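Next comes structure_26.txt, with compact mmCIF, C-alpha atoms.
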# COMPACT_ATOMS: atom_id res chain seq x y z
CA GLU A 229 -27.84 161.05 113.34
CA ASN A 230 -26.21 159.35 110.33
CA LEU A 231 -23.22 161.57 111.21
CA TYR A 232 -22.13 158.38 113.00
CA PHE A 233 -21.80 156.55 109.66
CA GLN A 234 -19.61 159.46 108.49
CA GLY A 235 -17.32 159.46 111.54
CA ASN A 236 -16.86 155.69 111.98
CA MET A 237 -16.08 155.40 108.28
CA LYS A 238 -13.55 158.21 108.89
CA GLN A 239 -11.77 156.31 111.70
CA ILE A 240 -11.69 153.21 109.49
CA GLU A 241 -10.10 155.27 106.69
CA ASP A 242 -7.65 156.79 109.19
CA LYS A 243 -6.73 153.32 110.49
CA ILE A 244 -6.25 151.95 106.96
CA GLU A 245 -3.83 154.85 106.33
CA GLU A 246 -1.87 153.85 109.44
CA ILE A 247 -1.83 150.20 108.32
CA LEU A 248 -0.50 151.09 104.87
CA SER A 249 2.30 153.23 106.29
CA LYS A 250 3.29 150.40 108.67
CA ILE A 251 3.33 148.01 105.71
CA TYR A 252 5.51 150.60 103.95
CA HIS A 253 8.05 150.55 106.83
CA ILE A 254 8.07 146.72 106.83
CA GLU A 255 8.56 146.50 103.05
CA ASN A 256 11.55 148.87 103.02
CA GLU A 257 13.13 146.90 105.88
CA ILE A 258 12.71 143.62 103.96
CA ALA A 259 14.55 145.19 101.01
CA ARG A 260 17.26 146.23 103.50
CA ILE A 261 17.41 142.75 105.08
CA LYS A 262 17.73 141.02 101.68
CA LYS A 263 20.54 143.39 100.69
CA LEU A 264 22.51 142.79 103.90
CA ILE A 265 22.14 139.00 103.62
CA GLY A 266 23.61 139.08 100.06
CA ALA A 267 26.47 141.26 101.32
CA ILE A 268 27.09 138.74 104.15
CA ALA A 269 27.10 135.83 101.58
CA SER A 270 29.59 137.73 99.46
CA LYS A 271 31.90 138.21 102.44
CA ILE A 272 31.73 134.54 103.39
CA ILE A 273 32.70 133.54 99.80
CA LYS A 274 35.53 136.07 99.54
CA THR A 275 36.87 135.14 103.00
CA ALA A 276 36.62 131.41 102.37
CA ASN A 277 38.44 131.92 99.03
CA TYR A 278 41.37 133.82 100.62
CA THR A 279 41.62 131.36 103.53
CA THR A 280 41.66 128.30 101.29
CA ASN A 281 44.30 129.91 99.05
CA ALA A 282 46.41 130.46 102.18
CA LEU A 283 45.77 126.83 103.17
CA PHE A 284 46.78 125.63 99.71
CA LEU A 285 50.16 127.44 99.81
CA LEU A 286 50.99 126.42 103.42
CA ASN A 287 50.19 122.83 102.45
CA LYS A 288 52.20 122.75 99.18
CA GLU A 289 55.20 124.27 100.99
CA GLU A 290 54.83 122.02 104.04
CA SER A 291 55.02 118.91 101.82
CA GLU A 292 58.06 120.22 99.93
CA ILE A 293 59.71 121.03 103.29
CA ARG A 294 58.88 117.50 104.52
CA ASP A 295 60.43 115.85 101.41
CA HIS A 296 63.67 117.74 102.02
CA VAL A 297 63.63 116.91 105.80
CA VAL A 298 63.06 113.19 105.16
CA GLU A 299 66.00 113.38 102.64
CA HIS A 300 68.06 115.20 105.28
CA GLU A 301 67.30 112.44 107.83
CA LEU A 302 68.56 109.73 105.43
CA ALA A 303 71.76 111.70 104.71
CA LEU A 304 72.36 112.41 108.42
CA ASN A 305 71.93 108.72 109.33
CA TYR A 306 74.50 107.93 106.61
CA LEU A 307 77.03 110.33 108.18
CA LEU A 308 76.27 108.80 111.58
CA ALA A 309 76.41 105.18 110.30
CA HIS A 310 79.08 104.02 112.77
CA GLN A 311 77.36 105.76 115.71
CA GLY A 312 74.12 103.81 115.14
CA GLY A 313 72.49 106.59 113.09
CA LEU A 314 70.41 109.49 114.45
CA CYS A 315 68.31 106.85 116.23
CA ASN A 316 71.31 106.22 118.50
CA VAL A 317 73.22 109.55 118.36
CA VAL A 318 70.50 112.16 119.10
CA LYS A 319 68.13 109.60 120.75
CA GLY A 320 64.62 110.57 121.87
CA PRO A 321 61.51 108.49 122.76
CA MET A 322 60.24 109.85 119.42
CA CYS A 323 63.54 110.10 117.46
CA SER A 324 62.92 107.57 114.67
CA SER A 325 59.20 108.55 114.66
CA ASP A 326 58.12 109.15 111.04
CA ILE A 327 56.82 112.46 109.71
CA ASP A 328 53.15 112.43 108.80
CA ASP A 329 52.20 113.57 105.31
CA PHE A 330 48.75 115.15 105.54
CA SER A 331 48.95 116.98 102.21
CA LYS A 332 46.15 114.97 100.55
CA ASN A 333 43.88 115.30 103.67
CA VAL A 334 44.37 119.08 103.75
CA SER A 335 43.80 119.12 99.95
CA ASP A 336 40.54 117.24 100.60
CA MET A 337 39.50 119.93 103.12
CA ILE A 338 40.25 122.65 100.57
CA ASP A 339 38.01 120.75 98.08
CA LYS A 340 35.22 120.57 100.62
CA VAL A 341 35.36 124.37 101.23
CA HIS A 342 35.38 124.92 97.45
CA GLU A 343 32.39 122.57 97.15
CA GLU A 344 30.48 124.53 99.84
CA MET A 345 31.08 127.83 98.07
CA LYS A 346 29.84 126.36 94.74
CA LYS A 347 26.51 125.94 96.50
CA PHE A 348 26.18 129.72 97.09
CA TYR A 349 25.76 130.13 93.35
CA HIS A 350 22.37 128.39 93.63
CA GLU A 351 21.07 129.17 97.17
CA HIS B 228 -33.34 146.60 107.66
CA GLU B 229 -30.66 148.93 106.22
CA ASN B 230 -29.60 150.33 109.63
CA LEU B 231 -28.22 146.88 110.54
CA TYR B 232 -26.81 146.09 107.07
CA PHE B 233 -24.57 149.16 107.42
CA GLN B 234 -23.77 148.06 110.99
CA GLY B 235 -22.82 144.40 110.37
CA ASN B 236 -20.61 145.25 107.39
CA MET B 237 -18.94 148.04 109.36
CA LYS B 238 -18.37 145.49 112.14
CA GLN B 239 -16.89 143.00 109.64
CA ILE B 240 -14.58 145.69 108.25
CA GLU B 241 -13.50 146.87 111.73
CA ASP B 242 -12.84 143.34 113.01
CA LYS B 243 -10.80 142.53 109.90
CA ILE B 244 -8.73 145.66 110.65
CA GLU B 245 -7.95 144.11 114.06
CA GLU B 246 -6.79 140.88 112.37
CA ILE B 247 -4.52 142.92 110.09
CA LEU B 248 -3.14 145.00 112.99
CA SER B 249 -2.22 141.88 114.98
CA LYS B 250 -0.85 140.19 111.84
CA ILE B 251 1.35 143.27 111.45
CA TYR B 252 2.42 143.05 115.11
CA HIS B 253 3.70 139.50 114.54
CA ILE B 254 5.54 140.47 111.33
CA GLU B 255 7.29 143.32 113.18
CA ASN B 256 8.34 140.84 115.87
CA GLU B 257 9.79 138.41 113.28
CA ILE B 258 11.56 141.27 111.51
CA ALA B 259 13.22 142.34 114.81
CA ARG B 260 14.37 138.77 115.53
CA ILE B 261 15.69 138.44 111.98
CA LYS B 262 17.76 141.62 112.30
CA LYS B 263 19.12 140.36 115.65
CA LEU B 264 19.93 136.93 114.16
CA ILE B 265 21.74 138.56 111.19
CA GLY B 266 23.71 140.67 113.68
CA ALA B 267 24.89 137.56 115.51
CA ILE B 268 25.84 135.78 112.32
CA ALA B 269 27.94 138.79 111.22
CA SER B 270 29.59 138.70 114.67
CA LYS B 271 30.51 134.98 114.40
CA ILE B 272 31.95 135.52 110.90
CA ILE B 273 34.32 138.26 112.15
CA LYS B 274 35.36 136.26 115.28
CA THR B 275 35.95 132.97 113.26
CA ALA B 276 37.81 134.84 110.47
CA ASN B 277 39.90 136.52 113.18
CA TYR B 278 40.79 133.23 114.86
CA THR B 279 41.51 131.47 111.56
CA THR B 280 43.74 134.23 110.24
CA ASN B 281 45.66 134.31 113.49
CA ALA B 282 46.36 130.58 113.08
CA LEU B 283 47.41 131.18 109.47
CA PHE B 284 49.75 133.98 110.47
CA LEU B 285 51.48 131.72 113.02
CA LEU B 286 51.70 128.63 110.76
CA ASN B 287 53.18 130.94 108.08
CA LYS B 288 55.81 132.60 110.30
CA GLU B 289 56.93 129.24 111.68
CA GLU B 290 56.93 127.61 108.22
CA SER B 291 59.18 130.39 106.98
CA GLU B 292 61.59 129.96 109.90
CA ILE B 293 61.62 126.20 109.33
CA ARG B 294 62.30 126.78 105.63
CA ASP B 295 65.22 129.09 106.50
CA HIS B 296 66.82 126.32 108.58
CA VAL B 297 66.17 123.48 106.10
CA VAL B 298 67.98 125.70 103.54
CA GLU B 299 71.01 125.99 105.87
CA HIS B 300 70.88 122.23 106.47
CA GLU B 301 70.87 121.33 102.77
CA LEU B 302 73.86 123.64 102.32
CA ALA B 303 75.74 122.04 105.23
CA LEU B 304 74.75 118.57 103.95
CA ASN B 305 75.87 119.51 100.41
CA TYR B 306 79.15 120.75 101.89
CA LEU B 307 79.69 117.60 104.02
CA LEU B 308 78.80 115.23 101.16
CA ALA B 309 80.89 117.22 98.62
CA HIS B 310 83.36 114.43 97.78
CA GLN B 311 80.42 112.17 96.92
CA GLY B 312 78.73 114.54 94.45
CA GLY B 313 77.01 116.59 97.18
CA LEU B 314 73.66 115.78 98.77
CA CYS B 315 72.11 115.61 95.27
CA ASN B 316 74.08 112.53 94.12
CA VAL B 317 73.97 110.57 97.43
CA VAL B 318 70.23 110.68 98.27
CA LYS B 319 68.84 110.67 94.71
CA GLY B 320 65.34 111.12 93.22
CA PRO B 321 63.68 112.99 90.30
CA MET B 322 63.07 115.89 92.76
CA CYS B 323 66.19 115.93 95.01
CA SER B 324 67.65 119.22 93.75
CA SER B 325 64.18 120.87 93.87
CA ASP B 326 64.07 124.35 95.41
CA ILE B 327 61.68 124.94 98.27
CA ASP B 328 58.96 127.49 97.45
CA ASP B 329 58.72 130.42 99.87
CA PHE B 330 55.04 131.36 100.01
CA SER B 331 55.31 133.54 103.12
CA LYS B 332 54.53 136.86 101.35
CA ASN B 333 51.66 135.26 99.37
CA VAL B 334 50.08 133.87 102.55
CA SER B 335 50.59 137.29 104.21
CA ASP B 336 48.79 138.76 101.28
CA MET B 337 45.89 136.35 101.92
CA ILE B 338 45.85 137.41 105.61
CA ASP B 339 45.72 141.09 104.53
CA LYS B 340 42.74 140.38 102.27
CA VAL B 341 40.69 138.68 105.03
CA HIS B 342 41.45 141.59 107.41
CA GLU B 343 40.28 143.96 104.68
CA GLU B 344 37.00 142.05 104.18
CA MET B 345 36.37 142.15 107.92
CA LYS B 346 37.07 145.92 108.12
CA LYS B 347 34.13 146.26 105.75
CA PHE B 348 31.70 144.75 108.30
CA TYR B 349 32.25 147.93 110.31
CA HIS B 350 30.70 150.15 107.61
CA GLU B 351 27.36 148.51 106.81
CA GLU C 229 -27.23 158.78 100.07
CA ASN C 230 -27.29 154.95 100.30
CA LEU C 231 -25.21 154.65 97.12
CA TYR C 232 -22.47 156.88 98.61
CA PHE C 233 -22.11 155.05 101.96
CA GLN C 234 -22.27 151.73 100.08
CA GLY C 235 -19.82 152.90 97.39
CA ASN C 236 -17.32 153.97 100.06
CA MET C 237 -17.85 150.72 101.97
CA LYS C 238 -16.89 148.96 98.71
CA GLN C 239 -13.71 151.09 98.49
CA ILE C 240 -12.76 150.12 102.04
CA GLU C 241 -13.26 146.42 101.33
CA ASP C 242 -11.22 146.72 98.11
CA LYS C 243 -8.34 148.21 100.12
CA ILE C 244 -8.71 145.39 102.67
CA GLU C 245 -8.31 142.70 99.97
CA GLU C 246 -5.25 144.67 98.80
CA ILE C 247 -3.80 144.90 102.34
CA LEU C 248 -4.33 141.19 103.08
CA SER C 249 -2.63 140.36 99.77
CA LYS C 250 0.45 142.51 100.44
CA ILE C 251 0.65 140.97 103.93
CA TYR C 252 0.66 137.41 102.52
CA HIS C 253 3.36 138.47 100.04
CA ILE C 254 5.37 139.78 103.02
CA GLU C 255 4.86 136.53 104.98
CA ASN C 256 6.06 134.36 102.07
CA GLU C 257 9.14 136.60 101.75
CA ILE C 258 9.88 136.36 105.51
CA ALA C 259 9.86 132.53 105.16
CA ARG C 260 12.32 132.67 102.26
CA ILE C 261 14.50 135.00 104.35
CA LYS C 262 14.40 132.55 107.30
CA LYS C 263 15.38 129.61 105.10
CA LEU C 264 18.18 131.66 103.51
CA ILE C 265 19.54 132.59 106.97
CA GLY C 266 19.59 128.97 108.21
CA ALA C 267 21.30 127.76 105.01
CA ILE C 268 23.91 130.50 105.53
CA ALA C 269 24.46 129.49 109.17
CA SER C 270 24.98 125.86 108.04
CA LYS C 271 27.47 126.91 105.36
CA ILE C 272 29.44 128.90 107.96
CA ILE C 273 29.59 125.84 110.30
CA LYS C 274 30.63 123.32 107.58
CA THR C 275 33.17 125.76 106.13
CA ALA C 276 34.69 126.57 109.55
CA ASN C 277 34.89 122.84 110.33
CA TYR C 278 36.78 121.98 107.16
CA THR C 279 39.14 124.96 107.62
CA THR C 280 39.92 124.04 111.23
CA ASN C 281 40.44 120.37 110.26
CA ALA C 282 42.95 121.74 107.70
CA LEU C 283 44.56 123.99 110.37
CA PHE C 284 44.76 121.06 112.81
CA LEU C 285 46.64 118.86 110.29
CA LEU C 286 49.03 121.59 109.08
CA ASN C 287 49.82 122.39 112.74
CA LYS C 288 50.36 118.76 113.77
CA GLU C 289 52.76 118.11 110.86
CA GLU C 290 54.47 121.48 111.23
CA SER C 291 55.24 120.56 114.87
CA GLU C 292 56.70 117.15 113.81
CA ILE C 293 58.83 118.75 111.06
CA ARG C 294 60.09 121.26 113.60
CA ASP C 295 61.15 118.53 116.09
CA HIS C 296 63.05 116.83 113.24
CA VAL C 297 64.72 120.02 112.00
CA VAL C 298 65.81 120.81 115.62
CA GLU C 299 67.35 117.30 116.00
CA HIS C 300 69.06 117.82 112.62
CA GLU C 301 70.59 121.09 113.75
CA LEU C 302 72.16 119.32 116.75
CA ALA C 303 73.39 116.60 114.37
CA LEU C 304 74.92 119.10 111.92
CA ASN C 305 76.48 121.11 114.78
CA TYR C 306 78.01 117.91 116.17
CA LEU C 307 79.36 117.01 112.72
CA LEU C 308 80.75 120.49 111.96
CA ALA C 309 82.09 121.06 115.51
CA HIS C 310 85.72 120.71 114.36
CA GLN C 311 84.96 123.75 112.17
CA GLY C 312 83.00 126.14 114.44
CA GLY C 313 79.52 124.59 114.18
CA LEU C 314 76.70 125.78 111.91
CA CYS C 315 77.05 129.34 113.28
CA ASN C 316 80.49 129.60 111.63
CA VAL C 317 80.23 127.46 108.44
CA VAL C 318 77.09 129.18 107.04
CA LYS C 319 77.38 132.32 109.25
CA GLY C 320 74.15 134.38 109.18
CA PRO C 321 72.26 136.87 111.40
CA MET C 322 69.50 134.23 111.72
CA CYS C 323 71.59 131.05 111.31
CA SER C 324 71.53 129.91 114.94
CA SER C 325 68.08 131.52 115.40
CA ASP C 326 65.70 129.40 117.50
CA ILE C 327 62.66 128.11 115.63
CA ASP C 328 59.37 129.17 117.27
CA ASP C 329 56.84 126.54 118.22
CA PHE C 330 53.35 127.92 117.86
CA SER C 331 51.51 124.57 117.95
CA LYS C 332 49.77 125.37 121.29
CA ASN C 333 48.97 128.88 119.98
CA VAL C 334 47.42 127.34 116.84
CA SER C 335 45.50 124.70 118.87
CA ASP C 336 44.17 127.62 120.95
CA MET C 337 42.76 129.27 117.77
CA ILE C 338 41.24 125.97 116.69
CA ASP C 339 39.57 125.70 120.18
CA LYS C 340 38.25 129.24 119.78
CA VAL C 341 36.66 128.46 116.35
CA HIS C 342 35.06 125.30 117.76
CA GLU C 343 33.63 127.29 120.67
CA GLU C 344 32.18 129.93 118.31
CA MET C 345 30.52 127.27 116.21
CA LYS C 346 29.19 125.33 119.21
CA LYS C 347 27.17 128.54 119.89
CA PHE C 348 25.18 128.23 116.63
CA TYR C 349 23.51 125.24 118.19
CA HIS C 350 21.83 127.62 120.69
CA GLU C 351 20.58 130.28 118.32

Would it be possible to restate this file's structure as structure tokens?
Amino acid sequence: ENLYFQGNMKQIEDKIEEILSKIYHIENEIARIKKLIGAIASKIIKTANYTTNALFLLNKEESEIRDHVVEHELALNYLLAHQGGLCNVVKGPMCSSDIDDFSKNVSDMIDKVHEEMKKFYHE
Amino acid sequence: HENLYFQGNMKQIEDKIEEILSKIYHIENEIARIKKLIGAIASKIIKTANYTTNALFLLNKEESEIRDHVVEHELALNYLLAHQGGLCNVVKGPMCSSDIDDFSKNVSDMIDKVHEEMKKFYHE
Amino acid sequence: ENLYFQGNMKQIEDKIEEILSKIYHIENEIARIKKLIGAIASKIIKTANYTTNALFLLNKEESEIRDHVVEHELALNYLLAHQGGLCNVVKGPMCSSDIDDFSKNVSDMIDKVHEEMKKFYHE
């Protein structure tokens, strides 16, 4: 009986309808995945922005603090001139040891974060 | 003649439906691994933001305390050097008298904002 | 009749060319999603590295400044001893207050970021 050609065509049609619904599920999930990835990108940018602003202000203040401390060291050595300066009065294996100024290096890091986030606006 | 022409084409259709089904299987597997991989990235963002903001909080608090003491020191040094025109006149420079910015509340504000962004990962 | 079976067979095959097309569209999209994800991972790593390099420097210099400020307090207390020390001459509820040293605590947070990022090289 050609009733076979009816039924096997039916199963094929049935199976196509399953395939299309599974493609439907996949498609909607891809739209969901793309959305979440953009939301994640957005959070990375916003977070990097806040963090680098915090870094900027810590760094500006650190350097101003350092200037004043180095000035204070000069003036305290002056007042301790006859005692051999702080180097002799307060004496430590790292007493005279100079104070690093990493403000430009930290600035350079801030610039590198800013440069990375510029790249989001193309990716 | 025709009985086999129906058959072979029905076989070609069926077998192509098996290719599609397996192709779908592999797509589903990649989709699952993608969602997992996104999940782990989100996780690392939160943990790294958490660690970084903790460091910022501590640098900030200490920087403020240090500032407080440098302020006292300048005062004491201005007092001690008073009969020489204060600190200002003795250890000169175009920026000797310069006030020291206090950015502690502005940094704290930046910490707040990161914490707020991370809160939002718990809603998606 | 023949024309019916054949005409439906055509409709099947037409759906198949439509399915295979949508699938290839999906596959191309999955590959643009994978590339996007890896670019994002790399931005996270670079960004974290620059930020922690900035934290490391700020921390190092903050710790040096602190050692110097502490010395200076001893020096100013020695100088103003014939007048009650710093606790009397500027007199505040946080004048003699000990300055916290969080350099190990900050180094710990830097370690923790480096460990989180080392993990990207496994996924």

Compile the residues of chain A that lie within 7 Å of chain B, evaluated using all atoms listed in the file, and express the compilation as a list in words.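 The complete set of qualifying residues is residues 240, 271, 275, 278, 279, 282, 285, 286, 289, 292, 293, 299 and 303 of chain A.
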
Box centre and edge lengths (Å, one decimal), axis-aligned, range 247-263 of chain A plus 4 Å each side, as lines of an AutoDock Vina configuration file:
center_x = 9.4
center_y = 147.1
center_z = 104.7
size_x = 30.4
size_y = 20.2
size_z = 16.0

Counting all atoms listed in the file, which residues in chain C sit no more than 10 Å from chain A? For each one, give the nearest pair of atoms and the distance in Å, sorted by chain then residue number, as a tab-separated table.
residue	atom	partner	partner_atom	distance
C:233	CA	A:233	CA	7.9
C:236	CA	A:237	CA	8.4
C:237	CA	A:237	CA	8.1
C:239	CA	A:241	CA	9.9
C:240	CA	A:241	CA	7.4
C:243	CA	A:244	CA	8.1
C:244	CA	A:244	CA	8.2
C:247	CA	A:248	CA	7.5
C:250	CA	A:251	CA	8.1
C:251	CA	A:251	CA	7.7
C:254	CA	A:255	CA	7.4
C:257	CA	A:258	CA	8.2
C:258	CA	A:258	CA	7.9
C:260	CA	A:262	CA	10.0
C:261	CA	A:262	CA	7.3
C:263	CA	A:351	CA	9.8
C:264	CA	A:351	CA	7.4
C:265	CA	A:265	CA	7.7
C:267	CA	A:351	CA	8.0
C:268	CA	A:269	CA	7.4
C:270	CA	A:344	CA	10.0
C:271	CA	A:344	CA	6.7
C:272	CA	A:272	CA	7.6
C:274	CA	A:344	CA	7.8
C:275	CA	A:341	CA	5.5
C:276	CA	A:341	CA	8.6
C:277	CA	A:337	CA	9.0
C:278	CA	A:337	CA	5.3
C:279	CA	A:337	CA	6.8
C:280	CA	A:337	CA	9.1
C:281	CA	A:337	CA	7.2
C:282	CA	A:334	CA	5.0
C:283	CA	A:283	CA	7.8
C:284	CA	A:334	CA	9.3
C:285	CA	A:330	CA	6.4
C:286	CA	A:287	CA	6.8
C:288	CA	A:328	CA	8.5
C:289	CA	A:328	CA	6.1
C:290	CA	A:290	CA	7.2
C:291	CA	A:327	CA	9.7
C:292	CA	A:327	CA	6.2
C:293	CA	A:294	CA	6.7
C:294	CA	A:297	CA	9.6
C:295	CA	A:323	CA	8.9
C:296	CA	A:297	CA	7.5
C:297	CA	A:297	CA	7.0
C:299	CA	A:318	CA	6.8
C:300	CA	A:301	CA	7.4
C:302	CA	A:318	CA	7.7
C:303	CA	A:318	CA	7.1
C:304	CA	A:304	CA	8.0
C:306	CA	A:317	CA	9.9
C:307	CA	A:307	CA	8.4

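From CA of residue 332 in chain C back to CA of residue 285 in chain B, the distance works out to 10.6 Å.
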
Pairwise distance, CA of residue 253 in chain A with CA of residue 250 in chain B, equals 14.5 Å

In Å, with one decimal, what is the gap from CA of residue 260 in chain B to CA of residue 275 in chain B? 22.5 Å

Could you rebuild range 252-271 of chain C with N, CA, C and O atoms and give me the result as a PDB file, in the coordinates of the input?
ATOM      1  N   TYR C 252       0.315 138.788 102.874  1.00  0.00           N
ATOM      2  CA  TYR C 252       0.660 137.410 102.520  1.00  0.00           C
ATOM      3  C   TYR C 252       1.932 137.332 101.672  1.00  0.00           C
ATOM      4  O   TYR C 252       2.735 136.406 101.830  1.00  0.00           O
ATOM      5  N   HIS C 253       2.108 138.307 100.781  1.00  0.00           N
ATOM      6  CA  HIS C 253       3.360 138.470 100.040  1.00  0.00           C
ATOM      7  C   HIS C 253       4.540 138.656 100.996  1.00  0.00           C
ATOM      8  O   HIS C 253       5.580 138.016 100.835  1.00  0.00           O
ATOM      9  N   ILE C 254       4.359 139.523 101.993  1.00  0.00           N
ATOM     10  CA  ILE C 254       5.370 139.780 103.020  1.00  0.00           C
ATOM     11  C   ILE C 254       5.720 138.512 103.804  1.00  0.00           C
ATOM     12  O   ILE C 254       6.906 138.207 104.006  1.00  0.00           O
ATOM     13  N   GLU C 255       4.689 137.779 104.225  1.00  0.00           N
ATOM     14  CA  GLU C 255       4.860 136.530 104.980  1.00  0.00           C
ATOM     15  C   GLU C 255       5.644 135.471 104.204  1.00  0.00           C
ATOM     16  O   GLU C 255       6.538 134.829 104.759  1.00  0.00           O
ATOM     17  N   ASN C 256       5.305 135.281 102.929  1.00  0.00           N
ATOM     18  CA  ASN C 256       6.060 134.360 102.070  1.00  0.00           C
ATOM     19  C   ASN C 256       7.529 134.764 101.978  1.00  0.00           C
ATOM     20  O   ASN C 256       8.411 133.904 102.086  1.00  0.00           O
ATOM     21  N   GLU C 257       7.780 136.066 101.812  1.00  0.00           N
ATOM     22  CA  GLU C 257       9.140 136.600 101.750  1.00  0.00           C
ATOM     23  C   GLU C 257       9.924 136.391 103.055  1.00  0.00           C
ATOM     24  O   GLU C 257      11.110 136.013 103.013  1.00  0.00           O
ATOM     25  N   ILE C 258       9.269 136.622 104.195  1.00  0.00           N
ATOM     26  CA  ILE C 258       9.880 136.360 105.510  1.00  0.00           C
ATOM     27  C   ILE C 258      10.320 134.893 105.661  1.00  0.00           C
ATOM     28  O   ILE C 258      11.391 134.624 106.206  1.00  0.00           O
ATOM     29  N   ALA C 259       9.515 133.961 105.148  1.00  0.00           N
ATOM     30  CA  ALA C 259       9.860 132.530 105.160  1.00  0.00           C
ATOM     31  C   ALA C 259      11.007 132.145 104.216  1.00  0.00           C
ATOM     32  O   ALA C 259      11.726 131.172 104.462  1.00  0.00           O
ATOM     33  N   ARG C 260      11.175 132.888 103.125  1.00  0.00           N
ATOM     34  CA  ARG C 260      12.320 132.670 102.260  1.00  0.00           C
ATOM     35  C   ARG C 260      13.581 133.311 102.823  1.00  0.00           C
ATOM     36  O   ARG C 260      14.691 132.854 102.536  1.00  0.00           O
ATOM     37  N   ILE C 261      13.400 134.366 103.620  1.00  0.00           N
ATOM     38  CA  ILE C 261      14.500 135.000 104.350  1.00  0.00           C
ATOM     39  C   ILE C 261      14.991 134.085 105.478  1.00  0.00           C
ATOM     40  O   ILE C 261      16.205 133.915 105.663  1.00  0.00           O
ATOM     41  N   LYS C 262      14.056 133.467 106.202  1.00  0.00           N
ATOM     42  CA  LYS C 262      14.400 132.550 107.300  1.00  0.00           C
ATOM     43  C   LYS C 262      15.153 131.322 106.820  1.00  0.00           C
ATOM     44  O   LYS C 262      16.130 130.897 107.452  1.00  0.00           O
ATOM     45  N   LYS C 263      14.699 130.753 105.706  1.00  0.00           N
ATOM     46  CA  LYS C 263      15.380 129.610 105.100  1.00  0.00           C
ATOM     47  C   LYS C 263      16.767 129.988 104.600  1.00  0.00           C
ATOM     48  O   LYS C 263      17.714 129.225 104.774  1.00  0.00           O
ATOM     49  N   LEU C 264      16.882 131.160 103.972  1.00  0.00           N
ATOM     50  CA  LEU C 264      18.180 131.660 103.510  1.00  0.00           C
ATOM     51  C   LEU C 264      19.178 131.800 104.665  1.00  0.00           C
ATOM     52  O   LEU C 264      20.334 131.380 104.551  1.00  0.00           O
ATOM     53  N   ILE C 265      18.716 132.376 105.765  1.00  0.00           N
ATOM     54  CA  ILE C 265      19.540 132.590 106.970  1.00  0.00           C
ATOM     55  C   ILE C 265      20.059 131.286 107.577  1.00  0.00           C
ATOM     56  O   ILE C 265      21.248 131.188 107.936  1.00  0.00           O
ATOM     57  N   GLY C 266      19.186 130.285 107.692  1.00  0.00           N
ATOM     58  CA  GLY C 266      19.590 128.970 108.210  1.00  0.00           C
ATOM     59  C   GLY C 266      20.564 128.249 107.289  1.00  0.00           C
ATOM     60  O   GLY C 266      21.488 127.578 107.761  1.00  0.00           O
ATOM     61  N   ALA C 267      20.358 128.357 105.970  1.00  0.00           N
ATOM     62  CA  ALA C 267      21.300 127.760 105.010  1.00  0.00           C
ATOM     63  C   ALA C 267      22.665 128.418 105.140  1.00  0.00           C
ATOM     64  O   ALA C 267      23.697 127.731 105.115  1.00  0.00           O
ATOM     65  N   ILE C 268      22.669 129.743 105.311  1.00  0.00           N
ATOM     66  CA  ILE C 268      23.910 130.500 105.530  1.00  0.00           C
ATOM     67  C   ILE C 268      24.636 130.092 106.818  1.00  0.00           C
ATOM     68  O   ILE C 268      25.863 129.846 106.800  1.00  0.00           O
ATOM     69  N   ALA C 269      23.890 130.007 107.924  1.00  0.00           N
ATOM     70  CA  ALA C 269      24.460 129.490 109.170  1.00  0.00           C
ATOM     71  C   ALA C 269      25.115 128.097 108.995  1.00  0.00           C
ATOM     72  O   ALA C 269      26.203 127.829 109.563  1.00  0.00           O
ATOM     73  N   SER C 270      24.456 127.217 108.242  1.00  0.00           N
ATOM     74  CA  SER C 270      24.980 125.860 108.040  1.00  0.00           C
ATOM     75  C   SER C 270      26.234 125.861 107.171  1.00  0.00           C
ATOM     76  O   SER C 270      27.159 125.083 107.405  1.00  0.00           O
ATOM     77  N   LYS C 271      26.277 126.746 106.180  1.00  0.00           N
ATOM     78  CA  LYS C 271      27.470 126.910 105.360  1.00  0.00           C
ATOM     79  C   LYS C 271      28.652 127.442 106.172  1.00  0.00           C
ATOM     80  O   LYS C 271      29.790 126.996 105.984  1.00  0.00           O
TER      81      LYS C 271
END
